[PDB]
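Consider the single chain below, provided in structure tokens and representing the form deposited in one PDB entry.
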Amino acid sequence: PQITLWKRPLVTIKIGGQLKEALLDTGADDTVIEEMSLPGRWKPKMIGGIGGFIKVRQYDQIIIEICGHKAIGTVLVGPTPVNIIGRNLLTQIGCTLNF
């Protein structure tokens, strides 16, 4: 699709068998999802936000759909204002900025 930016680019994702709302965020290196259960081992990850740094949990090779597009990749879990689809997964699904 082509998504304009007059409103927040909120889409439906599917992760852990559940539908959630998430923001397509080109300003985020990484994908960050609100607290939920994910399988496997996790590792620590520091992310740098506009207001400071925060530690979150990194899970790898997680199945996730974005706008119905299937992906598998790294998902961070922590206290994000909204679910964030960052560049790691945007690149995977072939998302670009255009003007």
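Numbering starts at 1 and follows the sequence shown. Definition used throughout: the rigid core is the maximal C-alpha set that superposes within 1.5 Å between two forms. Shifts are known only where both forms have a C-alpha.
Of the two stretches 47-55 and 24-32, which shows the higher Cα B-factor on average in the entry? The stretch with the larger mean CA B-factor is 47-55.
Between 58-66 and 37-45, point out the one with the higher average CA B-factor as the PDB entry records it. If you average the C-alpha B-factors of 58-66 and of 37-45, the larger mean comes out for 37-45.
Reading the B-factor column of the entry, which of 82, 89, 11, 15 has the highest value at its C-alpha atom? Checking the PDB record, the top C-alpha B-factor among 82, 89, 11, 15 is at 82.
Although not depicted, the form deposited in another entry is the subject of the following passage.
Would you tell me if residue 38 moves between the shown form and the other one by 2 Å or more at its C-alpha, with the rigid core held superposed? No, because once the rigid core is superposed, the C-alpha of residue 38 moves less than 2 Å between the shown form and the other one.
Quick one: core overlaid, is residue 55 moving 2 Å or more at the Cα between the shown form and the other one? True for residue 55: a C-alpha shift of 2 Å or more.
Taking the shown form as reference, are the C-alpha positions of residue 88 and residue 49 brought closer or pushed farther apart in the other entry, with a change of 3 Å or more? Between the C-alphas of residue 49 and residue 88, the gap widens in the other entry (3 Å or more compared with this form).
Regarding residue 58 and residue 51, go with closer or farther for their CA spacing in the other entry versus this form, the difference being 3 Å or more. Their C-alpha distance shrinks by at least 3 Å in the other entry.
Core fitted, what stretches of 3+ consecutive residues have C-alphas moving by 2 Å or more between the shown form and the other one? In sequence order there is one run that relocates between the shown form and the other one, which is 44-55.
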